[PDB]
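Novice: Below is the structure I would like to discuss, written out as structure tokens.
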């Protein structure tokens, strides 16, 4: 009687990028005593929110849904819980909208998500981002820093490490025990182009680490197996990684 909307109409209007069906659900939610973080607005099997369905169904990397929904959550005071809403299924466990923004390789999206208070240390440790018998599932390091590093996004790494809202902890560790550097080691495949790419990524990561925090020696951080990055590169047979490791440890006596 007063423009009531259910979750399915919300997801539909989000997919087809229709905004007229959203300004009315704004007043609906404002008058229907419920917040957008309730269990009735998430996918009961995966926890997919309207923000996540907007991230999946993107149109040329742009959408008016996502800012409309950000402002609605801002007015609802549920902004922090929605901007950090993660999956609940055992497959995509721990995936947030920031990981999708890193995957789709959009700088403006990452900027808008970080500026709204997204969790920079969100861990995506689902069964998809792990190791198994075949097709491990494109393991990246379970961290947004590791994800931006292994996806060839240097500027995104710089923005994640030097944002004015929540600086990313470069010395952080994932659920497996791999740092950002151990993720760079694991992502190598001994071909030429990827070797040069991981070499440059390592160089820039080490430079930014020595600049932001000169006290932390990230090259001596061990995983849960007690293995240094050099030890990991030796055990996985990453020849070029060993070459660059030892070339950098020979040079720069400081």
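Numbering (full-length UniProt numbering), first residue to last: 109 to 362.
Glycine included, each C-beta is placed from N, C-alpha and C at the ideal position.
#1: Taking residue 282 as the reference, which of 210, 234, 139, 275 has the closest Cα?
#2: Per DSSP, what kind of secondary structure is residue 355 in: helix, strand or coil?
#3: Are residue 193 and residue 204 close, meaning C-beta to C-beta below 9 Å?
#4: Nearest CA to the CA of residue 306: which residue from 134, 215, 260?
#5: Thinking residue 264 and residue 293 are a contact (beta carbons under 8 Å), I'd like their distance in whole angstroms, please.
#6: Tell me the DSSP bridge mates of residue 170?
#7: Whole angstroms are fine: how far does the CA of residue 209 sit from the CA of residue 301?
#8: Buried or exposed: which applies to residue 347, given that a residue is buried once 16 or more other Cβ atoms fall within 10 Å of its Cβ?
#9: Beta-carbon within less than 6 Å of residue 254's beta-carbon, same chain only, minus the 5 sequence neighbours each way: which residues are those?
Specialist: The relevant details are as follows:
#1: Locating residue 282 in the chain shown gives position 174, where the first residue counts as 1. It is 234.
#2: The residue labelled residue 355 in the question sits at position 247 within the chain shown. It is helical.
#3: Taking the chain shown and counting its residues from 1, one reaches residue 193 at position 85. Taking the chain shown and counting its residues from 1, one reaches residue 204 at position 96. Yes; because the gap between Cβ atoms is below 9 Å, this pair is in contact.
#4: As a working note, residue 306 is residue 198 in the chain shown. Out of 134, 215, 260, 260 has the C-alpha closest to the C-alpha of residue 306.
#5: Within the chain shown, numbered from 1, the residue matching residue 264 stands at position 156. Within the chain shown, numbered from 1, the residue matching residue 293 stands at position 185. In fact, because the Cβ distance is near 20 Å, the residues do not count as touching under 8 Å.
#6: As a working mapping, residue 170 is identified with position 62 in the chain shown. In DSSP, residue 170 forms a bridge with 167.
#7: What you label residue 301 is simply residue 193 of the chain shown in a count that begins at 1. What you label residue 209 is simply residue 101 of the chain shown in a count that begins at 1. Distance between the alpha carbons of residue 301 and residue 209: 25 Å.
#8: The sequence position of residue 347 within the chain shown is 239, counting from 1. With fewer than 16 Cβ atoms within 10 Å of its Cβ, residue 347 is classed as exposed.
#9: Residue numbering aside, residue 254 sits at position 146 when the chain shown is read from its first letter. Cβ neighbours of residue 254 beyond the five flanking positions: 248, 288, 291.
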